[PDB]
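S.K.:
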Amino acid sequence: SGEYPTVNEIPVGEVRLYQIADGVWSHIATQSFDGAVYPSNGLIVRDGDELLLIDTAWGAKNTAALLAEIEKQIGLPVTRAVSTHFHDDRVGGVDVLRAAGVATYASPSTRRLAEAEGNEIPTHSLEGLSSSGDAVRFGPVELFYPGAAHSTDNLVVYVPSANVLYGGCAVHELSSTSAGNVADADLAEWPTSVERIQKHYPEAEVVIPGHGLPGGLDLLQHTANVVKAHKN
Ligand SMILES: C[C@@H](c1cccc2c(-c3cn[nH]c(=O)c3)c(C(=O)O)[nH]c12)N1C[C@]2(C[C@@H](CN)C2)OC1=O
Ligand SMILES: [Zn+2]
Ligand SMILES: [Zn+2]
């Protein structure tokens, strides 16, 4: 009823949306992995009379439910999607999206990693993002490659109309004491990559993590702290 949704308020197999700003929503779903249940976020950005989707809802059935929830709550077509790294919480559901007419995109680095590891593969390559600090425009957002962090390919997304920074899994929520799933991370470079984000988006008003609650700019410094402390 207005609070940011968690696993306790999303009925089994469903997706919830949360209005972040005018024309900007997050999507929240839950999934099980290695015997534990986790929430995960994505983004929806209005693109005229179409919608740009950032990240799947972590699984085929969750992503079908995402499309149905968008039709119920917003009622504009999702025409394009960008996946911000190669893991299943970002690309699992791409096959559903593609069969629903959504054009799916990711960096070439994400596409190679997804293919190599057996995850679903976005159709279209996003060039111009291969060096840290690179940025490109994509409809109503800017895509930014900060450098290796949670994964080597992780991208962040900025909505300039609303000063919304979607950090994806390179950014952790304030309540996290842990650096999350670090299996494919670069803990040594992660602080430097976060510093690049902080430098590039100093006017961000909302910062959304890949999992958990949005907040303000403090999520960036908090992430650097928890990553350094994990490494320690
Ligand atoms: C699909 C994704 C994944 C699965 C379950 C949990 C999380 C978490 C996570 C986030 N907040 N707090 C936590 O306790 C945990 C994060 C995150 O931190 O982004 N991601 C997760 N996976 C799987 C994996 C392992 C590797 C294959 N050997 C691919 O790596 C990864 O990220
Ligand atoms: Zn990941
Ligand atoms: Zn993640």
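In the entry's author numbering, each number is its position in the sequence shown, counted from 1, plus 29. Beta carbons: idealized from backbone N, C-alpha and C, even for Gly.
#1: Regarding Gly64 and ligand 3, is the C-beta to nearest heavy atom distance less than 6 Å?
#2: Where does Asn254 sit, in a helix, a strand or coil, going by DSSP?
#3: Decide yes or no for the touch test of the region 181-194 against the region 97-116: beta carbon pairs closer than 8 Å, at least 3 of them.
#4: Starting from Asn91, trace the alpha helix (DSSP H) in both directions and tell me its first and last residue.
#5: Can you tell me whether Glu232 is buried or exposed, with buried defined as 16 or more other CB within 10 angstroms of its CB?
#6: Enumerate in chain order the residues of its own chain whose CB-to-CB distance from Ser138 is below 6 Å, with the five nearest sequence positions on each side excluded.
#7: Rounded to a whole number of angstroms, what is the C-alpha to C-alpha distance between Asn192 and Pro175?
#8: Closer than 6 Å to a non-hydrogen atom of ligand 1 - does that hold for the CB of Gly147?
#9: What residue from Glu149, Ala135 and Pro106 has the CA that sits closest to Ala129's CA?
#10: Which residues have a Cβ closer than 5 Å to any heavy atom of ligand 2, listed in chain order?
#11: Return helix, strand or coil for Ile150, following the three-state DSSP convention.
M.R.: According to the data block:
#1: For this step, residue 64 is matched to residue 35 along the sequence shown. Not under cutoff, so the answer is no.
#2: Looking up residue 254 in the sequence shown gives position 225. The answer is helix: DSSP assigns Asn254 an H, G or I state.
#3: yes
#4: Along the sequence shown, read from residue 1 onward, the residue named residue 91 stands at position 62. Start and end: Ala89 to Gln102.
#5: As a position in the sequence shown, residue 232 is number 203, starting the count at 1. Under this definition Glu232 is an exposed residue.
#6: Here residue 138 is taken as the residue at index 109 of the sequence shown, counted from 1. Answer for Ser138: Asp182, listed in chain order.
#7: Locating residue 192 in the sequence shown gives position 163, counting from the first residue. Locating residue 175 in the sequence shown gives position 146, counting from the first residue. So the two alpha carbons sit approximately 17 Å from each other.
#8: In the sequence shown, the residue the question calls residue 147 occupies position 118. Flag unset: Cβ of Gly147 not near ligand 1.
#9: Counting from one through the sequence shown, the residue named residue 129 turns up at place 100. Among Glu149, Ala135 and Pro106, the Cα nearest to that of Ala129 is on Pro106.
#10: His116 and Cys198
#11: Against the sequence shown, residue 150 aligns to sequence position 121. Reduced to three states, the DSSP call for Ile150 is coil.
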